[PDB]
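Text of structure_14.pdb (PDB, C-alpha atoms) as supplied:
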ATOM      1  CA  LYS A   3      61.115  14.458  18.474
ATOM      2  CA  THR A   4      60.210  12.155  21.489
ATOM      3  CA  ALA A   5      56.896  11.529  23.427
ATOM      4  CA  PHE A   6      56.593   9.654  26.790
ATOM      5  CA  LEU A   7      53.372   7.644  27.032
ATOM      6  CA  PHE A   8      52.373   6.816  30.622
ATOM      7  CA  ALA A   9      50.745   3.513  31.777
ATOM      8  CA  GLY A  10      47.164   3.238  33.095
ATOM      9  CA  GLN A  11      45.310   1.182  35.674
ATOM     10  CA  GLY A  12      45.414  -2.588  34.982
ATOM     11  CA  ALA A  13      49.162  -2.757  34.145
ATOM     12  CA  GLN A  14      50.394  -3.051  37.763
ATOM     13  CA  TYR A  15      52.110  -6.272  38.995
ATOM     14  CA  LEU A  16      53.566  -7.411  42.273
ATOM     15  CA  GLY A  17      57.063  -6.030  42.786
ATOM     16  CA  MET A  18      56.981  -3.498  39.894
ATOM     17  CA  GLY A  19      59.835  -1.006  40.020
ATOM     18  CA  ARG A  20      61.656  -2.892  42.817
ATOM     19  CA  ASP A  21      64.838  -3.457  40.719
ATOM     20  CA  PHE A  22      65.001   0.297  39.980
ATOM     21  CA  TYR A  23      64.166   1.099  43.644
ATOM     22  CA  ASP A  24      67.175  -0.694  45.153
ATOM     23  CA  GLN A  25      69.573   0.417  42.396
ATOM     24  CA  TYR A  26      68.677   4.064  41.769
ATOM     25  CA  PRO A  27      68.318   6.653  44.614
ATOM     26  CA  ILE A  28      66.115   8.884  42.406
ATOM     27  CA  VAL A  29      63.654   5.899  42.393
ATOM     28  CA  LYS A  30      63.807   5.131  46.160
ATOM     29  CA  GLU A  31      63.318   8.821  46.902
ATOM     30  CA  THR A  32      60.273   9.033  44.576
ATOM     31  CA  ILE A  33      58.520   5.947  46.128
ATOM     32  CA  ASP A  34      59.338   6.890  49.791
ATOM     33  CA  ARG A  35      57.993  10.403  49.094
ATOM     34  CA  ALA A  36      54.708   8.830  47.925
ATOM     35  CA  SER A  37      54.717   6.617  51.029
ATOM     36  CA  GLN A  38      54.914   9.729  53.244
ATOM     37  CA  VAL A  39      52.037  11.454  51.425
ATOM     38  CA  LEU A  40      49.887   8.311  51.672
ATOM     39  CA  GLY A  41      50.435   7.461  55.390
ATOM     40  CA  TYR A  42      51.463   3.849  54.558
ATOM     41  CA  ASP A  43      54.392   1.938  53.101
ATOM     42  CA  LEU A  44      53.675   1.900  49.314
ATOM     43  CA  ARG A  45      56.846  -0.068  48.561
ATOM     44  CA  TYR A  46      55.695  -2.916  50.871
ATOM     45  CA  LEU A  47      52.172  -2.725  49.324
ATOM     46  CA  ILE A  48      53.591  -3.037  45.837
ATOM     47  CA  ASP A  49      55.940  -5.877  46.815
ATOM     48  CA  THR A  50      53.712  -8.011  49.098
ATOM     49  CA  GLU A  51      50.006  -7.076  49.127
ATOM     50  CA  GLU A  52      48.691  -8.427  45.884
ATOM     51  CA  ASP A  53      44.970  -7.891  46.598
ATOM     52  CA  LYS A  54      45.421  -4.307  47.731
ATOM     53  CA  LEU A  55      47.662  -3.629  44.714
ATOM     54  CA  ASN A  56      44.680  -4.660  42.508
ATOM     55  CA  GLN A  57      42.225  -2.448  44.540
ATOM     56  CA  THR A  58      41.587   0.820  42.643
ATOM     57  CA  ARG A  59      42.242   3.202  45.576
ATOM     58  CA  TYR A  60      45.781   1.677  45.948
ATOM     59  CA  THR A  61      46.407   0.809  42.297
ATOM     60  CA  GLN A  62      46.186   4.428  41.202
ATOM     61  CA  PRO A  63      48.876   5.903  43.522
ATOM     62  CA  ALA A  64      50.951   2.711  43.168
ATOM     63  CA  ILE A  65      51.188   3.028  39.394
ATOM     64  CA  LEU A  66      51.537   6.830  39.467
ATOM     65  CA  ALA A  67      54.461   6.708  41.934
ATOM     66  CA  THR A  68      56.081   3.871  39.974
ATOM     67  CA  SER A  69      55.649   5.605  36.623
ATOM     68  CA  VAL A  70      56.853   9.023  37.884
ATOM     69  CA  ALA A  71      59.906   7.228  39.325
ATOM     70  CA  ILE A  72      60.643   5.530  35.962
ATOM     71  CA  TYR A  73      60.269   8.852  34.096
ATOM     72  CA  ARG A  74      62.575  10.525  36.632
ATOM     73  CA  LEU A  75      65.106   7.726  36.081
ATOM     74  CA  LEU A  76      64.913   8.247  32.298
ATOM     75  CA  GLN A  77      65.575  11.983  33.019
ATOM     76  CA  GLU A  78      68.780  11.075  34.918
ATOM     77  CA  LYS A  79      69.966   8.894  31.934
ATOM     78  CA  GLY A  80      69.472  11.966  29.664
ATOM     79  CA  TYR A  81      65.990  11.415  28.079
ATOM     80  CA  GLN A  82      63.723  14.429  28.266
ATOM     81  CA  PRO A  83      60.261  14.238  26.555
ATOM     82  CA  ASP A  84      59.019  16.809  24.008
ATOM     83  CA  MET A  85      55.352  15.880  24.575
ATOM     84  CA  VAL A  86      53.487  13.616  27.024
ATOM     85  CA  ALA A  87      50.187  11.703  27.374
ATOM     86  CA  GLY A  88      49.037   8.867  29.657
ATOM     87  CA  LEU A  89      46.139   6.397  29.739
ATOM     88  CA  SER A  90      43.528   7.616  32.233
ATOM     89  CA  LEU A  91      45.317   7.384  35.457
ATOM     90  CA  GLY A  92      48.451   7.768  33.287
ATOM     91  CA  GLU A  93      47.279  11.298  32.430
ATOM     92  CA  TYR A  94      48.138  12.323  35.990
ATOM     93  CA  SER A  95      51.631  10.838  35.729
ATOM     94  CA  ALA A  96      51.963  12.859  32.451
ATOM     95  CA  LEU A  97      50.675  15.988  34.284
ATOM     96  CA  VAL A  98      53.539  15.492  36.749
ATOM     97  CA  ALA A  99      56.053  14.925  33.956
ATOM     98  CA  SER A 100      54.747  17.960  32.033
ATOM     99  CA  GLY A 101      55.490  20.212  35.000
ATOM    100  CA  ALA A 102      51.847  21.174  35.569
ATOM    101  CA  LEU A 103      51.106  18.946  38.610
ATOM    102  CA  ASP A 104      53.354  18.673  41.730
ATOM    103  CA  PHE A 105      54.332  15.087  42.422
ATOM    104  CA  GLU A 106      53.234  15.019  46.097
ATOM    105  CA  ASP A 107      49.964  16.738  45.099
ATOM    106  CA  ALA A 108      49.458  14.045  42.409
ATOM    107  CA  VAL A 109      49.927  11.196  44.849
ATOM    108  CA  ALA A 110      47.276  12.494  47.272
ATOM    109  CA  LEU A 111      44.922  13.416  44.427
ATOM    110  CA  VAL A 112      44.960  10.000  42.699
ATOM    111  CA  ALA A 113      44.399   8.192  46.054
ATOM    112  CA  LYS A 114      41.171  10.224  46.227
ATOM    113  CA  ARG A 115      40.383   9.729  42.509
ATOM    114  CA  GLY A 116      40.810   5.938  42.973
ATOM    115  CA  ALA A 117      38.499   5.906  45.999
ATOM    116  CA  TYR A 118      35.776   7.936  44.201
ATOM    117  CA  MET A 119      35.951   5.724  41.074
ATOM    118  CA  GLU A 120      35.865   2.464  43.109
ATOM    119  CA  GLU A 121      32.831   3.502  45.213
ATOM    120  CA  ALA A 122      30.896   4.940  42.295
ATOM    121  CA  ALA A 123      31.644   1.993  39.999
ATOM    122  CA  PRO A 124      32.934  -1.216  41.708
ATOM    123  CA  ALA A 125      35.311  -3.545  39.735
ATOM    124  CA  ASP A 126      32.733  -6.255  39.131
ATOM    125  CA  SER A 127      29.714  -3.930  38.336
ATOM    126  CA  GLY A 128      28.434  -3.060  34.762
ATOM    127  CA  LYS A 129      30.049  -4.453  31.579
ATOM    128  CA  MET A 130      32.929  -3.748  29.085
ATOM    129  CA  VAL A 131      33.408  -5.297  25.700
ATOM    130  CA  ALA A 132      36.334  -4.799  23.366
ATOM    131  CA  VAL A 133      34.970  -4.451  19.837
ATOM    132  CA  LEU A 134      37.727  -5.494  17.437
ATOM    133  CA  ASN A 135      37.865  -4.681  13.716
ATOM    134  CA  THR A 136      34.643  -2.703  13.135
ATOM    135  CA  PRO A 137      34.284   0.895  11.867
ATOM    136  CA  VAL A 138      33.957   3.508  14.662
ATOM    137  CA  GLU A 139      30.661   4.791  13.164
ATOM    138  CA  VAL A 140      29.053   1.360  13.550
ATOM    139  CA  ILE A 141      30.049   1.047  17.187
ATOM    140  CA  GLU A 142      28.852   4.543  18.064
ATOM    141  CA  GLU A 143      25.508   3.949  16.256
ATOM    142  CA  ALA A 144      25.037   0.556  17.874
ATOM    143  CA  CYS A 145      25.651   2.121  21.317
ATOM    144  CA  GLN A 146      23.272   4.953  20.480
ATOM    145  CA  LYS A 147      20.343   2.637  19.580
ATOM    146  CA  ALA A 148      21.079   0.597  22.728
ATOM    147  CA  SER A 149      21.122   3.719  25.044
ATOM    148  CA  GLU A 150      17.386   3.697  25.385
ATOM    149  CA  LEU A 151      17.911   0.630  27.522
ATOM    150  CA  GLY A 152      20.499   2.441  29.829
ATOM    151  CA  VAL A 153      24.134   3.749  29.830
ATOM    152  CA  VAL A 154      26.263   2.256  27.019
ATOM    153  CA  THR A 155      29.003   4.264  25.179
ATOM    154  CA  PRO A 156      32.487   3.751  23.735
ATOM    155  CA  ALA A 157      34.858   4.115  26.730
ATOM    156  CA  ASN A 158      38.305   3.590  25.173
ATOM    157  CA  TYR A 159      39.267   4.507  21.624
ATOM    158  CA  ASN A 160      42.533   2.483  21.585
ATOM    159  CA  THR A 161      43.162   1.897  17.836
ATOM    160  CA  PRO A 162      40.960   2.394  14.708
ATOM    161  CA  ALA A 163      40.316  -1.401  15.049
ATOM    162  CA  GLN A 164      40.057  -1.648  18.850
ATOM    163  CA  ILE A 165      37.315   0.178  20.716
ATOM    164  CA  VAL A 166      35.991  -0.723  24.115
ATOM    165  CA  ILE A 167      32.333   0.034  24.873
ATOM    166  CA  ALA A 168      31.200   0.230  28.474
ATOM    167  CA  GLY A 169      28.168   0.837  30.771
ATOM    168  CA  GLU A 170      25.259  -1.109  32.381
ATOM    169  CA  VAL A 171      24.737  -4.848  31.806
ATOM    170  CA  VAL A 172      21.437  -4.937  29.922
ATOM    171  CA  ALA A 173      22.338  -1.887  27.837
ATOM    172  CA  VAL A 174      25.775  -3.267  26.885
ATOM    173  CA  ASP A 175      24.263  -6.718  25.993
ATOM    174  CA  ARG A 176      21.805  -4.881  23.653
ATOM    175  CA  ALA A 177      24.777  -3.016  22.077
ATOM    176  CA  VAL A 178      26.748  -6.242  21.211
ATOM    177  CA  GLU A 179      23.573  -7.848  19.814
ATOM    178  CA  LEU A 180      23.302  -4.842  17.553
ATOM    179  CA  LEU A 181      27.053  -5.186  16.745
ATOM    180  CA  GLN A 182      26.828  -8.953  15.847
ATOM    181  CA  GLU A 183      23.846  -8.211  13.593
ATOM    182  CA  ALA A 184      25.859  -5.407  11.967
ATOM    183  CA  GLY A 185      28.494  -8.103  11.439
ATOM    184  CA  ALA A 186      31.058  -7.567  14.229
ATOM    185  CA  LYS A 187      33.115 -10.784  14.335
ATOM    186  CA  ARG A 188      35.204 -10.235  17.431
ATOM    187  CA  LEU A 189      33.680  -8.949  20.670
ATOM    188  CA  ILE A 190      35.708  -9.642  23.777
ATOM    189  CA  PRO A 191      34.073  -9.292  27.203
ATOM    190  CA  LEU A 192      36.486  -7.772  29.739
ATOM    191  CA  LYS A 193      36.723  -8.239  33.565
ATOM    192  CA  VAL A 194      39.087  -5.287  34.388
ATOM    193  CA  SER A 195      37.166  -2.517  36.246
ATOM    194  CA  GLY A 196      33.851  -0.769  36.717
ATOM    195  CA  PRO A 197      32.379   0.847  33.581
ATOM    196  CA  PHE A 198      34.816   3.865  33.801
ATOM    197  CA  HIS A 199      34.679   6.669  31.133
ATOM    198  CA  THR A 200      30.820   6.633  30.872
ATOM    199  CA  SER A 201      28.090   8.812  32.575
ATOM    200  CA  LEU A 202      27.823   6.137  35.283
ATOM    201  CA  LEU A 203      30.855   7.901  36.704
ATOM    202  CA  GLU A 204      29.140  11.311  36.949
ATOM    203  CA  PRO A 205      28.860  10.950  40.765
ATOM    204  CA  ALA A 206      32.605  10.192  40.876
ATOM    205  CA  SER A 207      33.348  13.273  38.700
ATOM    206  CA  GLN A 208      31.474  15.589  41.164
ATOM    207  CA  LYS A 209      33.542  14.547  44.090
ATOM    208  CA  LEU A 210      36.705  14.779  41.991
ATOM    209  CA  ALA A 211      35.771  18.302  40.848
ATOM    210  CA  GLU A 212      35.543  19.458  44.482
ATOM    211  CA  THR A 213      38.931  17.843  45.190
ATOM    212  CA  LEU A 214      40.469  19.334  42.053
ATOM    213  CA  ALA A 215      39.315  22.885  42.970
ATOM    214  CA  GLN A 216      41.803  22.587  45.877
ATOM    215  CA  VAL A 217      44.687  21.598  43.616
ATOM    216  CA  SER A 218      46.834  24.367  42.366
ATOM    217  CA  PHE A 219      48.277  23.656  38.927
ATOM    218  CA  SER A 220      51.506  25.288  37.471
ATOM    219  CA  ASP A 221      52.676  26.246  33.989
ATOM    220  CA  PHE A 222      53.283  23.350  31.508
ATOM    221  CA  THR A 223      56.984  22.807  30.920
ATOM    222  CA  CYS A 224      56.099  20.572  28.033
ATOM    223  CA  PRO A 225      52.950  19.985  25.964
ATOM    224  CA  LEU A 226      50.496  17.273  27.176
ATOM    225  CA  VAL A 227      47.871  15.700  24.845
ATOM    226  CA  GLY A 228      44.727  15.127  26.928
ATOM    227  CA  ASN A 229      42.587  11.977  26.853
ATOM    228  CA  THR A 230      39.230  13.741  26.661
ATOM    229  CA  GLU A 231      39.727  16.271  23.863
ATOM    230  CA  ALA A 232      42.700  14.549  22.161
ATOM    231  CA  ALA A 233      44.342  18.002  22.126
ATOM    232  CA  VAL A 234      47.241  19.803  23.852
ATOM    233  CA  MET A 235      45.986  20.747  27.268
ATOM    234  CA  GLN A 236      45.904  24.405  28.494
ATOM    235  CA  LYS A 237      46.601  25.299  32.109
ATOM    236  CA  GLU A 238      43.312  27.084  32.704
ATOM    237  CA  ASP A 239      41.374  23.939  31.639
ATOM    238  CA  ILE A 240      43.132  21.100  33.531
ATOM    239  CA  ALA A 241      40.555  20.608  36.394
ATOM    240  CA  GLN A 242      37.527  20.929  34.118
ATOM    241  CA  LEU A 243      39.118  18.347  31.820
ATOM    242  CA  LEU A 244      40.128  15.924  34.609
ATOM    243  CA  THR A 245      36.619  16.276  35.961
ATOM    244  CA  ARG A 246      35.171  15.081  32.598
ATOM    245  CA  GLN A 247      37.923  12.535  31.911
ATOM    246  CA  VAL A 248      36.475   9.970  34.428
ATOM    247  CA  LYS A 249      33.044  10.052  32.740
ATOM    248  CA  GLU A 250      33.975  10.588  29.014
ATOM    249  CA  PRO A 251      35.768   8.426  26.327
ATOM    250  CA  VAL A 252      39.595   8.140  26.374
ATOM    251  CA  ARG A 253      40.664   8.934  22.816
ATOM    252  CA  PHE A 254      44.076   7.321  22.561
ATOM    253  CA  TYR A 255      44.672   6.961  18.773
ATOM    254  CA  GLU A 256      43.522  10.510  18.058
ATOM    255  CA  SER A 257      45.994  11.658  20.693
ATOM    256  CA  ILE A 258      48.810   9.674  18.971
ATOM    257  CA  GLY A 259      47.783  11.452  15.703
ATOM    258  CA  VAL A 260      48.189  14.881  17.359
ATOM    259  CA  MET A 261      51.705  13.843  18.463
ATOM    260  CA  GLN A 262      52.620  12.557  14.914
ATOM    261  CA  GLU A 263      51.340  15.875  13.500
ATOM    262  CA  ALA A 264      53.467  17.753  16.111
ATOM    263  CA  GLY A 265      56.271  15.916  14.381
ATOM    264  CA  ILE A 266      57.103  13.443  17.122
ATOM    265  CA  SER A 267      59.140  10.438  15.719
ATOM    266  CA  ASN A 268      60.099   8.297  18.737
ATOM    267  CA  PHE A 269      57.685   6.863  21.425
ATOM    268  CA  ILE A 270      58.787   5.697  24.932
ATOM    269  CA  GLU A 271      56.146   4.001  27.027
ATOM    270  CA  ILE A 272      56.871   4.496  30.734
ATOM    271  CA  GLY A 273      55.981   1.329  32.716
ATOM    272  CA  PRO A 274      54.567  -0.674  34.353
ATOM    273  CA  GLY A 275      53.644  -2.774  31.343
ATOM    274  CA  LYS A 276      53.673  -2.405  27.554
ATOM    275  CA  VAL A 277      49.936  -1.747  26.848
ATOM    276  CA  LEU A 278      50.332   1.630  25.035
ATOM    277  CA  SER A 279      53.197   0.254  22.926
ATOM    278  CA  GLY A 280      50.845  -2.503  21.650
ATOM    279  CA  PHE A 281      48.328   0.234  20.627
ATOM    280  CA  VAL A 282      50.910   2.543  18.875
ATOM    281  CA  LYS A 283      52.287  -0.472  16.891
ATOM    282  CA  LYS A 284      48.820  -0.961  15.402
ATOM    283  CA  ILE A 285      48.278   2.814  14.867
ATOM    284  CA  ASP A 286      51.629   3.086  13.119
ATOM    285  CA  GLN A 287      54.023   0.086  12.783
ATOM    286  CA  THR A 288      56.636   2.484  11.278
ATOM    287  CA  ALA A 289      56.775   4.587  14.489
ATOM    288  CA  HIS A 290      59.890   4.158  16.600
ATOM    289  CA  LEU A 291      58.874   2.668  19.920
ATOM    290  CA  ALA A 292      60.364   1.467  23.174
ATOM    291  CA  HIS A 293      59.075   0.915  26.671
ATOM    292  CA  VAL A 294      60.792   0.975  30.063
ATOM    293  CA  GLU A 295      59.356  -0.919  33.086
ATOM    294  CA  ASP A 296      62.397  -2.895  34.482
ATOM    295  CA  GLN A 297      66.234  -3.303  34.247
ATOM    296  CA  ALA A 298      66.123  -5.297  31.011
ATOM    297  CA  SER A 299      63.875  -2.770  29.198
ATOM    298  CA  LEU A 300      66.022   0.127  30.547
ATOM    299  CA  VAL A 301      69.192  -1.448  29.001
ATOM    300  CA  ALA A 302      67.428  -2.217  25.678
ATOM    301  CA  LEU A 303      66.610   1.522  25.490
ATOM    302  CA  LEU A 304      69.936   2.855  26.776
ATOM    303  CA  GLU A 305      72.054   0.678  24.379
ATOM    304  CA  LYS A 306      70.676   2.795  21.498
ATOM    305  CA  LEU A 307      71.946   5.991  23.260
TER     306      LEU A 307
END
Would you mind writing the file out in structure tokens?
Amino acid sequence: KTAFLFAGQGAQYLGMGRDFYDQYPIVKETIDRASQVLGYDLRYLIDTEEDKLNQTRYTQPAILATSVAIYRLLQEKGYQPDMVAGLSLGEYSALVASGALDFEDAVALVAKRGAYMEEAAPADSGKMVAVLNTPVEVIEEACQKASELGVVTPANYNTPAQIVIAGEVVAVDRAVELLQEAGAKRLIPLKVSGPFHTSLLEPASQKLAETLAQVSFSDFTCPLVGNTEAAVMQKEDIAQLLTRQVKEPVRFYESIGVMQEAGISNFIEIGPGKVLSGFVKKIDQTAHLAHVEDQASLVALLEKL
């Protein structure tokens, strides 16, 4: 019946979760637990350090702790998910919600993940273009022809009409030239992060694989649809899949199709932000959808209960 969709990097904002934090002990406990694991006050970072909040190595545990706290709050109000998924970093939040990853383990692990991603691909390096309203085949082909010139592949399959390509500057420029020729009307350059979810991140993925080998995963208490394979993840595959996730495409709409086939009717995006909700509305405007990131959005959800 219901899937929780967890936020990814880029949706953070100063003060996120603070309303919940003061009001709900399950929230304060979750954030202060992450603060202990980290060796610094995450609540103060989120509330006051805007530049650090936007630095990958802090963004990742900030969002994960905030999201896990929001999911845990939803659990206290009587919402339990039947399936989960999360956007990139949000996959780890979903791993925590799905019972497979310990919360304190997650917090340390994403601080490391963030670090490795940031060093291997800084926020201003390479290029990312959102290619709107063009067939997937065209985008893939364009990126293929352009690959002779360097790394360029689709990074984020968001909707059938919204695919972000990423990689190195010259190679990505050659890709959009091929797209315009092919007739692509709407190509939006993005200044969000390094070219994540391409082979450029292979060095990152090596370090993460060593770190992951140390992480001990548990049984899934609920099914999780993974970013990489757009399929329900199996316990024995988690680390191999998280290893590839940082250097391979995130396949969001295909994942939403697996959940609709599993018969899920209702979607709740766990904040910060409403990015996944925007995507699922395009995938299927008839799908029942809600997001929770703050007191107002919590009430809008609960008043249907």
- Item | Explicit residues for the PyMOL selection byres ((chain A and resi 267) around 8) (as a list in words) | residues 3, 4, 262, 265, 266, 268, 269, 289 and 290 of chain A
With C-alpha atoms retained, write the just-selected residues as a compact mmCIF listing (two decimals), in the coordinates of the input.
# COMPACT_ATOMS: atom_id res chain seq x y z
CA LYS A 3 61.12 14.46 18.47
CA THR A 4 60.21 12.16 21.49
CA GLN A 262 52.62 12.56 14.91
CA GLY A 265 56.27 15.92 14.38
CA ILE A 266 57.10 13.44 17.12
CA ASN A 268 60.10 8.30 18.74
CA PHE A 269 57.68 6.86 21.42
CA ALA A 289 56.78 4.59 14.49
CA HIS A 290 59.89 4.16 16.60
- Task: List the neighbours of residue 270 of chain A out to 7 Å using all atoms listed in the file; skip same-chain residues closer than 5 positions along the sequence, and give me the result as a count of residues only.
- Result: 6
- Message: Taking all atoms listed in the file into account, name the residue in A:213, A:102, A:161, A:145 that is nearest to residue 117 of chain A.
- Response: A:213
- Message: Taking (51.5, 14.8, 18.0) in the coordinates of the supplied file, I want to know which residues reach to within 10 Å of it, counting all atoms listed in the file; could you give the answer as a ChimeraX atom specification?
- Response: /A:3-5,84-87,225-227,232-234,256-267
Output file for the selection above: C-alpha atoms, as a PDB file, in the coordinates of the input:
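Below is the file out-v7.pdb, written as the result:
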ATOM      1  CA  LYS A   3      61.115  14.458  18.474  1.00  0.00           C
ATOM      2  CA  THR A   4      60.210  12.155  21.489  1.00  0.00           C
ATOM      3  CA  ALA A   5      56.896  11.529  23.427  1.00  0.00           C
ATOM      4  CA  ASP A  84      59.019  16.809  24.008  1.00  0.00           C
ATOM      5  CA  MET A  85      55.352  15.880  24.575  1.00  0.00           C
ATOM      6  CA  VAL A  86      53.487  13.616  27.024  1.00  0.00           C
ATOM      7  CA  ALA A  87      50.187  11.703  27.374  1.00  0.00           C
ATOM      8  CA  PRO A 225      52.950  19.985  25.964  1.00  0.00           C
ATOM      9  CA  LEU A 226      50.496  17.273  27.176  1.00  0.00           C
ATOM     10  CA  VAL A 227      47.871  15.700  24.845  1.00  0.00           C
ATOM     11  CA  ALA A 232      42.700  14.549  22.161  1.00  0.00           C
ATOM     12  CA  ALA A 233      44.342  18.002  22.126  1.00  0.00           C
ATOM     13  CA  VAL A 234      47.241  19.803  23.852  1.00  0.00           C
ATOM     14  CA  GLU A 256      43.522  10.510  18.058  1.00  0.00           C
ATOM     15  CA  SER A 257      45.994  11.658  20.693  1.00  0.00           C
ATOM     16  CA  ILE A 258      48.810   9.674  18.971  1.00  0.00           C
ATOM     17  CA  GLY A 259      47.783  11.452  15.703  1.00  0.00           C
ATOM     18  CA  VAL A 260      48.189  14.881  17.359  1.00  0.00           C
ATOM     19  CA  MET A 261      51.705  13.843  18.463  1.00  0.00           C
ATOM     20  CA  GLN A 262      52.620  12.557  14.914  1.00  0.00           C
ATOM     21  CA  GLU A 263      51.340  15.875  13.500  1.00  0.00           C
ATOM     22  CA  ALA A 264      53.467  17.753  16.111  1.00  0.00           C
ATOM     23  CA  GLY A 265      56.271  15.916  14.381  1.00  0.00           C
ATOM     24  CA  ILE A 266      57.103  13.443  17.122  1.00  0.00           C
ATOM     25  CA  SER A 267      59.140  10.438  15.719  1.00  0.00           C
TER      26      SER A 267
END
- Task: Could you expand the PyMOL selection byres ((chain A and resi 152) around 10) into the explicit residues it covers here, written as a ChimeraX atom specification?
- Result: /A:145,148-151,153-155,169-174,176,202
- Item | Distance query residue 66 of chain A at most 9 Å, only C-alpha atoms, self and fewer than 4 positions along chain excluded, as JSON, numbers by chain | {"A": [8, 9, 10, 61, 62, 70, 71, 91, 92, 94, 95, 108, 109, 112]}
- Measure the distance from atom CA of residue 123 of chain A to atom CA of residue 98 of chain A in Å and round it to one decimal. 25.9 Å
- Residues matched by the PyMOL selection byres ((chain A and resi 13) around 12) as a VMD selection string: chain A and resid 8 to 12 14 to 16 18 55 to 56 58 61 to 62 64 to 66 68 to 69 89 to 92 194 272 to 278 295
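Among the candidates A:147, A:114, A:193, A:237, the one nearest to residue 100 of chain A when counting only C-alpha atoms is A:237.
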